[PDB]
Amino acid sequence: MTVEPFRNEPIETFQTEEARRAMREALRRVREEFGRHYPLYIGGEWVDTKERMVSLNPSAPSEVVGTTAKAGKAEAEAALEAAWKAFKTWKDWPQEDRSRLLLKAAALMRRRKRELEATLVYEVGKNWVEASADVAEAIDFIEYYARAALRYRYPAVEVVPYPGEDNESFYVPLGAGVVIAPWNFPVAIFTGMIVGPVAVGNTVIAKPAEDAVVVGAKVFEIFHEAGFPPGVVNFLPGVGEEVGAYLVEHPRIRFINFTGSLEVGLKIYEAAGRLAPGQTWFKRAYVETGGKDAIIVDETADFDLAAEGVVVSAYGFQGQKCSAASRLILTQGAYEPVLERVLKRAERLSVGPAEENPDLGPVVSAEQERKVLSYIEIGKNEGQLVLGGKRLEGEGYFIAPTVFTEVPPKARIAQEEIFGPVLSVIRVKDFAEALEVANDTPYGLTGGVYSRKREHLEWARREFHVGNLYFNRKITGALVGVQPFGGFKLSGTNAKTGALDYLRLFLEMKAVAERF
């Protein structure tokens, strides 16, 4: 295989008339398609069920974007049999052949980009640029992992020679595993978690989040068209606590690739440590969980630059990002200048139906709305509400950009992942205290520093204990290949997506010696 060097898929900003025209048509066609039903995909065929999953439009929840079939235990078993049967032959494909299949899937995804973006807009309430970033990231995972997999090809291991012998060490895939995905990046993360393991010869049963089952099905339409052999990838929309747990706990599941809440991640990691009756291996579980991410600004920073980056990081996709700035830690000299600029910028943000390309669409569901509003009530008794803090008028789940200030570092709203448009501002004396506060949470995912002082930046490089750290720019939107993505502490197992190391997680090593 020889292809062009990897480059990231450009993120569309929709500033040209051509881009706006294409997006309007894609939005119109997706809207006109509301109510479509998508079956399961098992062993190379679409398989329907009696029960269904319903996906609502969070900007107008009386509108059904689509429905899917619903996987229970029988369908989970059928998918297991298909995946294990497929693994037996898929594992023996030359890596070049598997990588070409990924490249075909990326080309098909790229040709369906506007459609997939438009589906994100309606199904999970992304504005147009957030939708474009999500799809571009998905394409990047396929392109990146296709190339990275070749770096592991037979026989890839560097060993010490021995007289009179051939010593050959090589990687082999693990088997059939389950991928359990979140609603907040339901094209990007769903795709990445599936194609990485599959690229190197594993087979996958994929369980999309309930709120994002339609866009999950469209990704599977791409996989089917690309021509992955029957059983290699399987699509099981259903209830995580039911069919997801069933697969996690199953003796015949080899690995679990999970991205989602800390609460669920803890249950999955604990279950994966157990030997199910008849199980004949130690399960691998990769769990990438939440964050309570901070941006620190000190008195040497460009305050206008900082305020812009904070607003982007805090409120992009309504704060529903594992990478979102939910804490703003300001040294004494930075406090007033930065807070005033952040408030001025944030009060200008538009909120409305995602199709309108507002600054913020709705949060994803009634239950998410309930949780975010609950945390706002908690926050009112912990810090000082200085902006927003209300549901807005309308059927859609619209919440105003919200700011609390003078927040105690140990307050619930300064410790717990709210996953909505809610920023907690913490005032500290100096940079040392800023780092102490930044580090003092159970999490360790993303972080940022705005500062012109070299010594503060390099100190943070050494001591701001997060897996993805950014200086003088936004802390969201890690690019595949550029910024290996994954955290420390209770932000998960540090499985770095979009990095060469990711694929090693889905391989084991054999060493074979022949004495001549």
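Whichever C-alpha set is largest while still superposing within 1.5 Å between the two forms counts as the rigid core. Start at 1 and count along the sequence shown; that's the residue number.
With every structure aligned by its rigid core, 239 to 247 is the stretch of 225 to 233 and 239 to 247 whose CA positions lie farther away in 6 other deposited structures of this protein.
Higher mean CA B-factor, judged across 309 to 317 and 423 to 431 from the recorded values: 423 to 431. Between the stretches 490 to 498 and 8 to 16, it is 8 to 16 that shows the larger average CA temperature factor. Of the candidates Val233, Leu116, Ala181, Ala74, the one whose C-alpha carries the top B factor in the deposited record is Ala74. Reading the B-factor column for the CA atoms of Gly201, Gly196, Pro337, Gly444 in the entry, the top value corresponds to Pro337. Ranked against the other modelled residues of its chain, the C-alpha B-factor of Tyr38 as given in the entry falls in the highest third.
In this PDB entry, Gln483 carries a Cα temperature factor that places it within the lowest third of its chain's modelled residues. Among all modelled residues in this chain, the alpha-carbon of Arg473 has a temperature factor (C-alpha) in the lowest third. The entry lists a Cα temperature factor for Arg327 that places it in the lowest third of the chain's modelled residues. In the deposited entry, the Cα temperature factor of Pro208 sits in the middle third of values across the chain's modelled residues.
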